[PDB]
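Reviewing the structure listed below.
Quick note on labels: first sequence line is chain A, next is B, and so on, each numbered from 1. Just the heavy atoms: all of them, side chains too, but no hydrogens, waters or symmetry mates, feed the values below.
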Number of protein chains: 2
Amino acid sequence: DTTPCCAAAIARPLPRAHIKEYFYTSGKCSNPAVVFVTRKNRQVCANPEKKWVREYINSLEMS
Amino acid sequence: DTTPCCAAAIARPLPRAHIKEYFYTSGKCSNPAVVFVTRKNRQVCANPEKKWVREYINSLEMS
């Protein structure tokens, strides 16, 4: 917890074409999240347990 | 604060050869930090105002 962590997680989907990369936060966070990195390099915390996250991820991985 | 943030920041220097990338957290954090990404993809929060951070960074940028 000398590692970057997500207090909360984006309500609704961000636009799929704003998004270029993802990673998962440490599991040592209290809300471990997925993080989306936008073409503009904003890092956005998302709720991994949510359908739009899991098809965005599937989308970035089956490019 | 739907963006990944650093509660605290690594006391002492990490080994320079463990470190492959860096970025700065959002300025919207309460402790906005530098984050070091290790060859093993651990993200480590560091205090930007600290001499070892600023020559690690200079090191990754003058490669």
Side-chain angles (χ1 to χ4, degrees):
Chain A
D1 315 296
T2 210
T3 183
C5 283
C6 296
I10 224 232
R12 278 160 283 83
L14 263 181
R16 178 55 203 98
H18 275 22
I19 287 162
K20 56 160 193 187
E21 296 161 10
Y22 78 100
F23 53 100
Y24 296 86
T25 70
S26 193
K28 284 155 193 250
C29 301
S30 308
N31 309 335
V34 172
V35 187
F36 284 113
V37 196
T38 64
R39 307 259 145 83
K40 272 139 71 67
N41 288 340
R42 321 327 310 244
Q43 286 181 14
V44 170
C45 293
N47 171 285
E49 298 215 40
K50 284 289 312 201
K51 164 162 301 215
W52 68 270
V53 170
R54 341 195 255 195
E55 202 31 83
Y56 274 34
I57 288 167
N58 292 353
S59 231
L60 287 148
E61 288 279 2
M62 335 296 185
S63 267
Chain B
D1 315 296
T2 210
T3 183
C5 283
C6 296
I10 224 232
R12 278 160 283 83
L14 263 181
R16 178 55 203 98
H18 275 22
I19 287 162
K20 56 160 193 187
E21 296 161 10
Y22 78 100
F23 53 100
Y24 296 86
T25 70
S26 193
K28 284 155 193 250
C29 301
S30 308
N31 309 335
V34 172
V35 187
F36 284 113
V37 196
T38 64
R39 307 259 145 83
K40 272 139 71 67
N41 288 340
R42 321 327 310 244
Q43 286 181 14
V44 170
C45 293
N47 171 285
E49 298 215 40
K50 284 289 312 201
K51 164 162 301 215
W52 68 270
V53 170
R54 341 195 255 195
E55 202 31 83
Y56 274 34
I57 288 167
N58 292 353
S59 231
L60 287 148
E61 288 279 2
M62 335 296 185
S63 267

Please identify which of these residues, A/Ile57, A/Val53, A/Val44, A/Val35, meets the side-chain contact (heavy atoms from CB on, under 4.5 Å) condition with A/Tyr22.
A/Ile57
Taking C-beta and beyond as the side chain, do B/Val34 and B/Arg54 meet within less than 4.5 Å on heavy atoms?
no
For B/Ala9 and B/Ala46, which heavy atoms make the closest approach, and how far apart are they?
CB-C, 3.6 Å
How many angstroms lie between atom CG of B/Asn41 and atom CZ of B/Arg39, to the nearest 0.5 angstrom?
11.0 Å
Here the gap from B/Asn47 atom CG to B/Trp52 atom CH2, rounded to the nearest 0.5 Å, amounts to 9.0 Å
Are A/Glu21 and A/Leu60 packed together at the side-chain level, in the sense that at least one heavy-atom pair is separated by less than 4.5 angstrom?
no
Sulfur-sulfur distance B/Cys45/B/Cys6 under 2.5 Å
yes
Passes side-chain contact (heavy atoms from CB on, under 4.5 Å), A/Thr25 versus B/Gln43? Steps please.
CA-CA 9 Å; A/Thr25 70; B/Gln43 286 181 14; over 6 Å; no
How many angstroms lie between atom CD of A/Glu55 and atom CE of A/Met62, to the nearest 0.5 angstrom?
7.5 Å
Crowding at CZ, A/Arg16 (>12 non-hydrogen neighbours, <6.0 Å)
yes
Which heavy-atom pair separates A/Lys28 from A/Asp1 by the least distance, and what is that distance?
O-OD1, 3.0 Å
Considering all heavy atoms, the nearest B/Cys29-B/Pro4 contact:
SG-O, 4.0 Å
Closest non-hydrogen atom pair, A/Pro32 against A/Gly27:
CG-O, 3.9 Å
Would you call the rings of B/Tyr56 and B/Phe36 parallel, tilted or perpendicular if under 30° counts as parallel and over 60° as perpendicular?
perpendicular
Should the SG of A/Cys5 and the SG of B/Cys5 be checked, would they turn out to be under 2.5 Å apart?
no
If you define the side chain from C-beta out and look only at heavy atoms, does anything of B/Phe23 sit under 4.5 Å from A/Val37?
no
